[PDB]
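One structure below.
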Amino acid sequence: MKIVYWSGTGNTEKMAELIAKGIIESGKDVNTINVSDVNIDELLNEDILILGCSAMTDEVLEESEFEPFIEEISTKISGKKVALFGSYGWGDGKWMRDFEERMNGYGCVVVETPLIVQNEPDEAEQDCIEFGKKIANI
Ligand SMILES: Cc1cc2nc3c(=O)[nH]c(=O)nc-3n(C[C@H](O)[C@H](O)[C@H](O)COP(=O)(O)O)c2cc1C
């Protein structure tokens, strides 16, 4: 499996590692890839795309790297399963509500409720691991 993410200070990156740990504990393998090093053709071979990005600017996806990546794959993911996650700071998840609506609009099947954690996942560590386990069970 593959987890692609963008993280500005490391919060979403930490979530990614924990979600990976959950998948691995379930007995499967998984690679975490920062959005800047992703190979789209390979990524499209996956049955489930696990994507993460923190809330940026004003409730939107990071603009210089993550957003273009989503635009890039938008036309080639109809019918694919996707799981979404990310950290946020002061809002209440508007950027994630929009991200989920967007992926749905592209024809994707959002397999689970998106996982959002405020700031660093300290207390939510197990929640991240459990999300990974849910994904590994699909
Ligand atoms: C320029 C900038 C804009 C942000 N905009 C939002 C926002 O609209 N809503 C929110 O809840 N957090 C916002 N945040 C806070 C981050 O989403 C939050 O600090 C998160 O934990 C960062 O995760 P990361 O280290 O994975 O990037 C913003 C942070 C920065 C740096």
Side-chain angles (χ1 to χ4, degrees):
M1 305 196 83
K2 294 182 188 314
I3 293 168
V4 179
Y5 69 90
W6 183 84
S7 183
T9 71
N11 294 338
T12 301
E13 183 179 37
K14 180 62 179 298
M15 291 179 70
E17 291 174 358
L18 265 3
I19 292 170
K21 186 172 177 164
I23 289 168
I24 297 174
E25 287 186 351
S26 291
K28 301 180 166 64
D29 191 24
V30 63
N31 298 108
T32 66
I33 310 162
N34 189 98
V35 65
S36 61
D37 303 305
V38 74
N39 180 275
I40 291 189
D41 299 311
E42 295 175 46
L43 184 62
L44 296 179
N45 279 320
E46 296 293 328
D47 214 59
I48 299 182
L49 302 184
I50 308 157
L51 314 169
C53 186
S54 50
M56 296 302 282
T57 308
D58 178 39
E59 301 299 324
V60 294
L61 293 177
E62 190 278 332
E63 302 179 271
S64 74
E65 288 183 24
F66 202 80
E67 165 90 69
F69 156 70
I70 294 299
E71 269 295 289
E72 249 282 74
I73 69 172
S74 63
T75 52
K76 325 188 188 71
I77 54 182
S78 189
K80 282 218 181 302
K81 300 181 183 186
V82 299
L84 312 175
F85 71 98
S87 181
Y88 65 102
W90 53 81
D92 59 28
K94 173 59 174 170
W95 105 107
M96 187 55 78
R97 286 193 288 286
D98 286 339
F99 190 13
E100 178 183 24
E101 177 197 331
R102 190 210 287 241
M103 296 312 270
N104 244 281
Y106 293 154
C108 301
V109 189
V110 180
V111 299
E112 278 289 348
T113 303
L115 178 69
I116 63 176
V117 173
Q118 188 176 30
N119 312 293
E120 193 189 14
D122 182 76
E123 60 179 271
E125 288 204 353
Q126 196 60 38
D127 288 343
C128 294
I129 290 170
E130 294 303 324
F131 182 67
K133 293 192 174 188
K134 274 171 181 53
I135 292 167
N137 247 71
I138 297 167

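The residues of the chain are indexed from 1 along the displayed sequence. Computation of the quantities below employed the complete heavy-atom set of this structure, encompassing side-chain atoms and omitting hydrogens, waters and symmetry-equivalent molecules.
- With hydrogens and angles disregarded, no donor-acceptor distance shorter than 3.5 Å links the side chain of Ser87 to the backbone of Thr12.
- Using cut-offs of 30° and 60° on the angle between ring planes, the pair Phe99 and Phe66 is perpendicular.
- Scanning all heavy atoms of the two residues, the minimum distance from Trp95 to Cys53 falls at NE1-O, 3.0 Å.
- Shown here for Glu13 and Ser7, the closest heavy-atom pair between the two residues is N-OG, 3.3 Å.
- Checked for salt-bridge contact, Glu125 and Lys21 miss the test: no charged N lies under 4.0 Å from a carboxylate O.
- No single ILVMFWY cluster, assembled from side-chain heavy atoms under 4.5 Å apart, contains both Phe85 and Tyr88.
- Atoms CD and OG1, on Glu120 and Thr9 in that order, are 8.0 Å from each other to the nearest 0.5 Å.
- Shown here for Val117 and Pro121, the closest heavy-atom pair between the two residues is CG1-CA, 3.9 Å.
- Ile19 and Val111 end up in the same hydrophobic cluster when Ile, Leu, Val, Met, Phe, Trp and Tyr side chains are linked at under 4.5 Å.
- Tracing side-chain contacts under 4.5 Å through hydrophobic residues (I, L, V, M, F, W, Y), one never reaches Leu84 starting from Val109; they form parts of separate clusters.
- Hydrophobic clustering places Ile50 together with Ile24 (ILVMFWY residues linked when any side-chain heavy atoms are closer than 4.5 Å, directly or through intermediates).
- Across all their heavy atoms, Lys2 and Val30 have their closest contact at N-CG2, 4.1 Å.
- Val38 and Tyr5 fall into different hydrophobic clusters, where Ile, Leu, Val, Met, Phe, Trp and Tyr residues are linked whenever their side-chain heavy atoms come under 4.5 Å apart, directly or through other members.
- In terms of heavy atoms, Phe131 sits closest to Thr113 at CE1-O, 3.4 Å.
- A pairwise comparison of heavy atoms in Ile129 and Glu25 identifies CG2-OE1, 3.7 Å as the closest pair.
- A donor-acceptor distance shorter than 3.5 angstrom exists from the side chain of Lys28 to the backbone of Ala136, with no hydrogens or angles considered.
- Under a 3.5 Å cut-off, the side chain of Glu46 and the backbone N or O of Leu49 do not form any donor-acceptor pair.
- Expressed to the nearest 0.5 Å, how far CD of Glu72 lies from CD1 of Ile77 amounts to 11.0 Å.
- Rounding to the nearest 0.5 Å places NZ of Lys14 at 8.5 Å from SG of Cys128.
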